[PDB]
Structures are given as C-alpha cells and as structure tokens.
Amino acid sequence: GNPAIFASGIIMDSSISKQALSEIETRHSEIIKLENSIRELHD
Amino acid sequence: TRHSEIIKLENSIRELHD
Amino acid sequence: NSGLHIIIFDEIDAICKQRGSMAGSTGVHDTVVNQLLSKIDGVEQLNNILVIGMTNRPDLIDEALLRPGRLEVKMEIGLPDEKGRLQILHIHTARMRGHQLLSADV
Amino acid sequence: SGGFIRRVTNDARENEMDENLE
C-alpha cells in the first residue's frame, strides 16, 4: 500500500525549572547550617 | 512532616548544647 | 559604507521546489521555502549580499523565487563549439608545453 | 519518618541523602 513514510519532528521537554531550582536552593541551604551545628557539637 | 522532623532535630541539638 | 557578502548554494533544487508539489514530507519541506523567500526580500531591506545558485533541473524551482529582485540573471551553460574546444585544449597543456615534456608531433 | 527531602526529580541521589539523615 502506502510506501514507507518518514517520521515527524521531535519536540523534547526540559525538566528542571528556575523556580523549582529556587526550591532546591531552599533544600540545600539548611544543610550547611545543620553542618555548622554538628561541627560545633563534635568540637 | 518536614517541619516536625527538622524542628525536632534542631531542638535536640540545642538541648545537647545547653 | 559596508563590504560585500557572498553566499553559494549548491544543488539548490534539493531544498527549493514548487510549493504543494511535494506531499507526505511532514511539512518540513515547505516552511523552508517560505523562510528563504521572506529573508531574501522582506519588509526590511539589505543592500550588501549576493546569492549564487547552480542546478541541473531548472524547471522544478518555485516560480516566486525567479522573479526580478530575487534571482534575476539566469544563465544556461551549454556544450562548446570548435573554438571553445581549441581554447580548452590549449589551457589544459600549458605546463607540459612549458617544460618541453610534449613531443613536437602533437 | 516518611522522608526528609522533597522529591523534585527523585533519582537515586535523593534516596541516599535522606537515608543518611535518618
């Protein structure tokens, strides 16, 4: 029947986002403070 | 749940400190 | 006061073809022609470019691309006549004649 | 207690982190 047909173009989709990265900064920031605290305790 | 656990950890650290 | 910029297309009939003649291309072989047409002569104007194209099937190209103002000078290059053949033959043996590598009986 | 890090992208990296915290 129909000859072999070409495929169409692709449309990718990035995952990470600026605001979600601000949220990841919220995640990361507290860790350093907690680290300062634990280092104090050990010292 | 995050607030509860994190605040619990911080409170324990403070108690040990004092 | 600007310099000249040159662009050379080779086998131009591969990308530019009559709009609608092609089918089942997913539409990618149609927006290209529109983009090219708009860019060569659009609302804004340029005065420092030059475009050259070569082909072997001149009748398949979209007509809108051959009106004056986009591709004016159309030239056909055909087979040579006797004088052309003699000139070409002279061109392609100057080095040998110069270094005496060519016999006298030719 | 059910987790410690929100899961923006999941991935193995988000697991060990949490476990360490535990």
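Our structure is the block above this text.
Residues numbered from 1 in each chain as written, not as in the entry; some residues may be left out. Chains lettered and ligands numbered in written order. Part of a larger assembly, values for the part shown. Heavy atoms only, no water.

## Examining the interface of chain A and chain B
Tallying the contact residues gives six residues for chain A and six residues for chain B. Roughly 510 Å² is buried in total at the junction of chain A and chain B, and carbon and sulfur atoms are behind 69% of that figure. In terms of surface lost to chain B, no three residues of chain A exceed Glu30, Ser37 and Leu41 of chain A, which account for 64% of the buried area on that side. Counting the contacts that link chain A with chain B gives zero salt bridges. There are zero residue pairs in polar contact connecting chain A and chain B. (Contact = heavy atoms within 4.5 Å. Buried area = accessible area lost by both parts, 1.4 Å probe. Salt bridge = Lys/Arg side-chain N within 4 Å of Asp/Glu carboxyl O. Polar contact = N/O pair within 3.5 Å; in protein donor to acceptor, adjacent residues only side chain to side chain.)

## Section: the interface of chain D and chain A
Each partner contributes residues to the interface: chain D has five residues there, and chain A has five residues. Interface area, chain D with chain A, both sides summed: about 440 Å², of which 63% is carbon and sulfur. Of all residues in chain D, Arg6, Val8 and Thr9 of chain D bury the most surface against chain A, accounting for 77% of the area lost on that side. Put simply, chain D and chain A have zero salt bridges between them. Joining chain D to chain A, the criterion identifies one residue pair in polar contact. In terms of residue class, the side of chain D that touches chain A is built from two nonpolar, one polar and two charged. (Nonpolar A, V, L, I, M, F, W, Y, C, P; charged D, E, K, R; others polar.)

## Observations concerning the pattern of salt bridges
In total, this model carries five salt bridges over all chains according to the counting rule given. The shortest N-O distance in the salt bridge between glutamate 35 of chain A and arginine 39 of chain A comes to 3.3 Å. Residue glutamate 35 of chain A and its partner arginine 39 of chain A are both found in helix α1 (residues 18-42); the two are separated by four residues, about one turn of the helix. Judged by relative accessible area, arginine 39 of chain A falls into the partly exposed class, the value being 48%. Put simply, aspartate 62 of chain C and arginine 19 of chain C hold a salt bridge, and the shortest N to O gap is 3.1 Å. On the criterion of sequence distance, the pair formed by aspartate 62 of chain C in the loop between β2 (49-53) and α2 (82-91) and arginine 19 of chain C in the loop between β1 (5-9) and α1 (28-40) is long-range, its members being 43 residues apart. Relative accessible area serves as the criterion here: at 40%, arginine 19 of chain C is assigned to the partly exposed category. (Helix = DSSP H or I, 4+ residues; strand = E, 2+ residues; numbered from the N terminus. Buried < 20%, exposed > 50% of the residue type's maximum accessible area, 1.4 Å probe, protein only.)

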